[PDB]
Structures are given as structure tokens and as C-alpha cells.
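The chain below stands alone, shown as C-alpha cells; this is the form deposited in one PDB entry.
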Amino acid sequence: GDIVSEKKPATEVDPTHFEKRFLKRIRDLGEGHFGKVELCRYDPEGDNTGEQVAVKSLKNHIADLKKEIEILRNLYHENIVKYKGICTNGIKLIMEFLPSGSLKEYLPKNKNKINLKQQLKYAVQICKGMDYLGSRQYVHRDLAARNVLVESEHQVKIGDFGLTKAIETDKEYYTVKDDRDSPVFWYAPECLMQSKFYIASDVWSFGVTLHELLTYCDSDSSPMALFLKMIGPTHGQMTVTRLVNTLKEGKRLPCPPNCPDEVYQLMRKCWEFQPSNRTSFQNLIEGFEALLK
């Protein structure tokens, strides 16, 4: 008889499945640890009216990107960048696009409109995002101003999760095997010493990020620039060891210009040598709130 064929099943379109053919590159946004992020328009109607999205893709780190995608898929918070979906062995992460970019780009261009009050509001928002991430049992491991996106003049969001790891249930930290290309000038002593990462290690990193925020991400006042002034620039493979000794002595990044001592004291609580002595994200939120109102 006639040719037999398969009954075509009822198909429901997945709003989180972006077709390669419609995902059109505009420009690069940034690079970060084996991945790169691009501005695209997803333009199924082919008329330049589709939504702008941030697309993360790789240049076996496919496995790491897959875990990152799955972490971000299940994070839902006002101060965490929004997952939109995937474009599919290979895969791309699709996220909302925030035109104002990172705090590293934004703050130097917007000093006049961002006063201390607004800086402290951003600080709270970063803390709420981090306290949410820690309540899901993750350590970020890459908290710096360059990874904080500007949604608006009034709102920031944590914008990349390239290094984010789960902490095991009933355990206090994650041991990092891979520690090359580590942001050492943002890292707590236990991270530099023993490759161990606690929620308190993220609190330390937040202190450094707060410093960046208060200096408006001035390149000449960067945590890297200031620490290398402290320890000596040209030491190469000995740099991290000299950094560790500096922190053991009790030395810390100085008070930002025009930063009130009361704000600096909150920052210093992020930088107690022992993780267990550091402030929490919630106590920081209470601290900033008190200085705001």
C-alpha cells in the first residue's frame, strides 16, 4: 500500500529555547574564564525588532558552562541577572541584557549622579543578591565590581556566575582544584593559602568590591593597583606569597577618598583574617540600612 510515515506530534514551543538561526550578533560585551559574552538580538521576524540579549558561549569547559547554565536557571532574585534560556553537544547561555553595563564601566562615567547614599544602596543590593546565593548553598568566588551590572541608576544585579560552586550539605567550604587565572587581589587568605572557599570568603570579596564602588572603579585606585603599590609591582611568580604575608601582618586596603570612617569600619569587618570572625551579609545589610536611615 501507500508509504507509511510518522504521525506528527503536537508541538508546544519552549520560550527558553532560542534558535541559532535567529540569534544575531551585534558586538562583544566581555570575556571571562574560557567563556565570552556577546550582545545579540534574537530576531525571529528578521526586521531588527527582536529583544536584545546577552549570550555566553565558549571559545572540557563545556561541562562547566553546563553547570553554570543550570545554576543560573534556578536563581530568581531582583539583584541577580535574569536567565532567559539556551541555544543548543555545544550550548549557549541566553540572559537579559543590561545596557548600562558593569559598575567598572558605569561608575567612572556617572560620578556626578551617584552620591554616597546611592553607593550604599548598591552595596545593600549586592549583599541581598549574595545572601540569596548563599541561602541556595553557592559560593560565587568572583565577586568584583566588573561582575556587577547596572540595571538602572537605582538598581544593580550580580551579572556573571562563571566560577560559582555548590557547597556540600553539612560542609562549610568548597575546595578548588583549579586556581589558575584566580582574581587574587579579591581573595581571602584561606583562598590564597589553602584553595578553600567559604561564604565568608565571598564576604571578604564583597569588602573589596565595596572599596571599588566607593572609589568609582578608578583604575589608578584598583584593588590590584593599590596592593601592588603595597607589595611591589614587579615580583612575578612571588606576587601571591608577598600578598599573603601582607594580609597576615594585618595590612588592608586603605580608606577610599571621602569615604566616612563609619562606612570603612563596615568594610574592615569583611576583612577579619579568620572567616568565622567576619561579618555576615545580613549584618552588612543592617549596617548600611542604619547609615541610610
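So that there is no doubt, residue numbering starts at 1 and follows the sequence shown. C-alpha atoms forming the largest set that superposes within 1.5 Å between two forms make up the rigid core.
The form deposited in another entry is left out here; the points below concern that form.
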query	finding
Entry of 78, 179, 172, 220 that shows, once the rigid core is matched between the shown form and the other one, a C-alpha shift of 2 Å or more	179
Did residue 252 shift 2 Å or more between the shown form and the other one, C-alpha, core superposed	no
C-alpha of residue 235 off by 2 Å or more between the shown form and the other one on rigid core	yes
Displaced residue check between the shown form and the other one: residue 51, CA, 2 Å or over, core reference	no
In the other entry, shift in Cα separation for residue 234 relative to residue 248, 3 Å or more	closer
Cα separation of residue 106 and residue 233 in the other entry versus here, shift of 3 Å or more	farther
